[PDB]
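These notes are about the structure you will find just below.
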Amino acid sequence: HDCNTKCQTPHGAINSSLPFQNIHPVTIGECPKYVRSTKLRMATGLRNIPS
Amino acid sequence: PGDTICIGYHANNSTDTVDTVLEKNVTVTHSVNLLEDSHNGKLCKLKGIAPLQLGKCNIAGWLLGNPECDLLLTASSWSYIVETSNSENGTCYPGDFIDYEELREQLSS
Amino acid sequence: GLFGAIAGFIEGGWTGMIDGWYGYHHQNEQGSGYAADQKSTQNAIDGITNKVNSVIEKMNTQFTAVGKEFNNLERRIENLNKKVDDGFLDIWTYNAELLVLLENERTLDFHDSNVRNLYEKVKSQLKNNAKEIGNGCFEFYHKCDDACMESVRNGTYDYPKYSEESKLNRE
Amino acid sequence: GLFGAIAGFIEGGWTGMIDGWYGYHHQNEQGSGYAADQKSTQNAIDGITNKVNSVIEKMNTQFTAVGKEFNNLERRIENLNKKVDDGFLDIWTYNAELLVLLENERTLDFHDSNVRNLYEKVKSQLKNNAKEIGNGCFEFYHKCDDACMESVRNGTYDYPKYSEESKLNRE
Amino acid sequence: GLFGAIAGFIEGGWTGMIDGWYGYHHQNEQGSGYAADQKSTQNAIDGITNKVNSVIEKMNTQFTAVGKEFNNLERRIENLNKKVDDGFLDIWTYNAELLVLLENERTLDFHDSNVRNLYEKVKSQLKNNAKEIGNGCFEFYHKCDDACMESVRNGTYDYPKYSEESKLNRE
Ligand SMILES: *[C@@H]1O[C@H](CO)[C@@H](O)[C@H](O)[C@H]1NC(C)=O
Ligand SMILES: *[C@@H]1O[C@H](CO)[C@@H](O)[C@H](O)[C@H]1NC(C)=O
Ligand SMILES: *[C@@H]1O[C@H](CO)[C@@H](O)[C@H](O)[C@H]1NC(C)=O
Ligand SMILES: *[C@@H]1O[C@H](CO)[C@@H](O)[C@H](O)[C@H]1NC(C)=O
């Protein structure tokens, strides 16, 4: 389709400034590093204790 | 019944969870995802240049000008080359395409 | 936690404090309310933002990295390519998952530290003009109005001013 | 240590407490003995077990993976292979050694934190009904029998019940 | 800092203390001066030296590694070589930068911890023979000459000797 991207994979293009991705090891262009992780979430705030 | 001041910390309705070294499934008030798992399901341009679609032809079929690939005769510029699952037309006369993989790597340039 | 405060001697969090990560709840004749500590909160926000940004910033993007193709007389080099790609994948996946684990622990501990330091700061400001309950709260031995409370919050509480009155009421 | 307790103001450990990582030794009129603090010990065990398991778990197995062979006009690709294997060896050896170093430090520090926090927890229950010796021990200003001791250990100590008596012996 | 002492309740450092990382300033009738704590300073120096040495020590040197060359029909393997070299460069640069960031934070926090622990050491030696000012200072309720000060500096302070004078002056 006529879209623009920095990063293309065989499943579709990725548009992200994130360091890692789990979509595909094959990439063309300027992409995140491929890893096998299914989640990578950094805490910013604290333990949530509403109780 | 005297005046009071308390020291305390934030809570909210966030359901975000993170894993830590000592403990799994910790609910936290705020967090940021570092892992992209979403894509748009499309083939897009790179450097504002469209890819080349070989369609039912492959690179051999294209370059040699396999007669089924006549629709590719007008193709002129691209950011990357796309073969699809129906690209079956290449060398219609049987034999070997020498240094074909090298030529393919070169041609992407 | 490492510093013993969050989920520690201060048992739970405050859904009523919407304007900060850490802060104060007060009760007096004049009323009741929550207030964020701006200094510690802003320092923590800046620090943690710098941490996340610093993790992401160190990842120069993956520029073109493409699969190599191979003919039927190239199994060894195809396998070399697959070994390299798999090896790099093992390394980056292990490091990213483990790094996120470790950094999450450090972040939570950082918050615990900030809460402990705010509590001990108030404790050391007030000294014996108030009694520590133990649950993060202080009960004043003297009347402490809104201005006084604010003096506590901005670190200008005047201990000698209320010391005599406090000594009188404490006994 | 970072938190000052283990190998700190508490110079040494107790070979007589065989049933937990942390706990209490008491002496009173009914007799004398050790008892592990079950909660902190179990929390630490679970945490550390999770740490070790998380280190091991992140090494997705190496599926069948082998060395490559090369003919006499393939020295360059053989050397590429060797460069890859050696490079991976450098990365994994450095990372494993350094990771083990840093995590060992963290584990020891985690224990130090748990001891300090247990001590301050007891301290905050007892307040001035006991005097701090300084070596991790508290001396009561009131009689404290076995039930009382257990109340101290499980965080149900009744400060008001013994406050007047304590006040009597303290003065 | 994490432990609240350096850039914390002790607001600034001492350009007048030239002989150690941590220590004491005293003032009495006999005179005034700074003195480094040798034991804690040397322990910290040894620790940090071991950390730096351990970082450098884990990089067994890179023996000969030279660029490989390729002809015009070897572009794919040339690109494999480039992928390998770039992949290793990305990994080592990211790891070195991130490691230096994290370890620098840990080092600063380590210093903060050592100052806090030194402060609590003095506090626990002196007990109620002095009042905590709050800025890292203690005011004696008794006269404390050079020998007494030195007992504090070397961790041999005698609470009962000055206890009586202190109790008298405190009231
Ligand atoms: C959770 O609470 C916040 C604060 O009011 C609110 O903005 C948000 O809508 C809530 N969650 C929902 C219903 O999406
Ligand atoms: C802190 O609070 C008092 C009470 O009103 C106020 O007068 C004073 O200006 C404040 N101090 C600071 C930090 O500006
Ligand atoms: C703790 O011990 C006291 C004294 O025996 C007892 O009354 C109380 O029920 C105990 N609490 C718990 C947590 O079981
Ligand atoms: C501590 O100070 C006293 C008095 O100056 C001195 O006699 C003693 O040698 C010192 N003790 C230690 C352990 O250094």
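Protein chains in written order, with the entry's author numbering: chain A, 275 to 325; chain S, 9 to 54, 54A, 55 to 83, 83A, 84 to 95, 95A, 96 to 114; chain E, 1 to 171; chain P, 1 to 171; chain C, 1 to 171. Don't be surprised by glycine CBs; every beta carbon is placed ideally from N, CA and C.
Please confirm whether any heavy atom of ligand 3 lies closer than 6 Å to the CB of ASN154 of chain C. Incorrect: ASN154 of chain C has no Cβ contact closer than 6 Å to ligand 3.
Where do the N-terminal and C-terminal ends of the alpha helix (DSSP H) with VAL84 of chain E fall, by residue? 75-126
Given that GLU139 of chain E touches chain S, what residues does it touch there, using C-beta distances under 8 Å? For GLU139 of chain E, the C-beta contacts it makes with chain S under 8 Å involve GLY10, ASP11 and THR12, in order along the chain.
Identify whether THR25 of chain S lies in helix, strand or coil by the three-state DSSP scheme. strand
Taking only beta-carbon positions, decide if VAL29 of chain S is within less than 7 Å of chain P. yes
Burial state of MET59 of chain C (16 or more Cβ within 10 Å): Exposed.
Taking C-beta to C-beta, are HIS47 of chain S and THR318 of chain A nearer than 7 Å? no
Which one or two residues does DSSP pair with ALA36 of chain P in a beta bridge? BP columns for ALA36 of chain P point to P:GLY23.
Three-way DSSP call (helix, strand, coil) for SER163 of chain C in this model: Note: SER163 of chain C maps to helix in three-state DSSP.
Going by the CB atoms, is the gap between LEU42 of chain S and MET316 of chain A shorter than 7 Å? Yes. Within cutoff.
Let me check you understand the geometry: is the CB of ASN322 of chain A closer than 6 Å to at least one non-hydrogen atom of ligand 1? No; taking the cut-off as 6 Å, the Cβ of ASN322 of chain A has no heavy atom of ligand 1 nearer than that.
Using CA coordinates, which residue listed in E:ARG170, E:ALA65 and E:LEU80 is at the minimum distance from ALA65 of chain P? Closest option to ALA65 of chain P, Cα to Cα, is E:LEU80.
Would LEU292 of chain A pass as a contact of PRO306 of chain A if the rule is Cβ separation under 7 Å? yes
Given a limit of 8 Å on CB to CB distance, which residues of the stretch 52-81 of chain C reach chain E? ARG76, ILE77, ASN79 and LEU80
Does the structure place the stretch 40-59 of chain P close enough to the stretch 19-27 of chain P that three or more beta carbon pairs sit under 8 Å? yes
Spell out whether any CB of chain S is found under 7 Å from the CB atom of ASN95 of chain P. no
Closer than 7 Å to chain C by CB, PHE88 of chain E: Contacts with chain C at 7 Å (Cβ-Cβ) include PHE88 of chain E.
Can you find at least 3 beta carbon pairs, one from the stretch 19-26 of chain S and one from the stretch 297-304 of chain A, that sit closer than 8 Å? no
Would you mind sorting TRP14 of chain P into buried or exposed? The rule is 16 or more other CB atoms within 10 Å of its CB. With fewer than 16 other Cβ atoms within 10 Å, it is exposed.
Thinking C-alpha only, which one of E:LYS167, E:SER151, E:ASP146 and E:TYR162 is nearest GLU29 of chain E? E:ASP146
Does any residue of chain S have a CB that is nearer than 7 Å to the CB of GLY12 of chain P? no
With DSSP run on the structure shown, which of helix, strand or coil describes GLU57 of chain C? In this structure, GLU57 of chain C counts as helix in the three-state DSSP scheme.
Is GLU150 of chain C near ligand 4, in the sense that its beta carbon is under 6 Å from a heavy atom of that ligand? Because some heavy atom of ligand 4 lies under 6 Å away, the Cβ of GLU150 of chain C counts as near it: yes.
Taking a Cβ distance cut-off of 7 Å, strictly less, list which residues of the stretch 116-128 of chain P are near chain E, in chain order. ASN117, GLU120 and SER124
Considering only C-alpha positions, which residue in the set C:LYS167, C:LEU98, C:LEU108 and C:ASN154 is nearest to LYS127 of chain C? C:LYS167
In whole angstroms, what is the alpha-carbon distance linking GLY31 of chain C and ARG170 of chain C? 23 Å
Roughly how many angstroms lie between the CA atoms of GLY62 of chain S and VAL88 of chain S, to the nearest whole one? 8 Å
Anyone know if the C-beta pair for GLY1 of chain P and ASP112 of chain P falls short of 7 Å? yes
Assign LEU314 of chain A to buried or exposed, taking buried as 16 or more other Cβ atoms, counted over all protein chains shown, within 10 Å of its Cβ. Buried is the call here.
Between which two residues does the alpha helix (DSSP H) containing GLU150 of chain E stretch? 146-153
Thinking C-beta only, is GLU132 of chain E closer than 7 Å to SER311 of chain A? No, the Cβ-Cβ distance between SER311 of chain A and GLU132 of chain E is not below 7 Å.
Assign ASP101 of chain S to buried or exposed, taking buried as 16 or more other Cβ atoms, counted over all protein chains shown, within 10 Å of its Cβ. exposed
Keeping to the same chain, check which residues put their C-beta closer than 8 Å to that of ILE77 of chain P; ignore five residues upstream and five downstream. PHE70
Within the continuous beta strand (DSSP E) that includes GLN30 of chain E, where are the two ends? Careful: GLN30 of chain E lies outside any beta strand (DSSP E) and carries neither H nor E.
Touching by the beta-carbon criterion (3+ pairs, under 8 Å), the stretch 87-94 of chain E and the stretch 48-62 of chain P: Using a C-beta cut-off of 8 Å, the stretch 87-94 of chain E makes contact with the stretch 48-62 of chain P, since at least three inter-stretch Cβ pairs fall below that distance.
Alpha carbon to alpha carbon, how far is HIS142 of chain P from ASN53 of chain C? 54 Å
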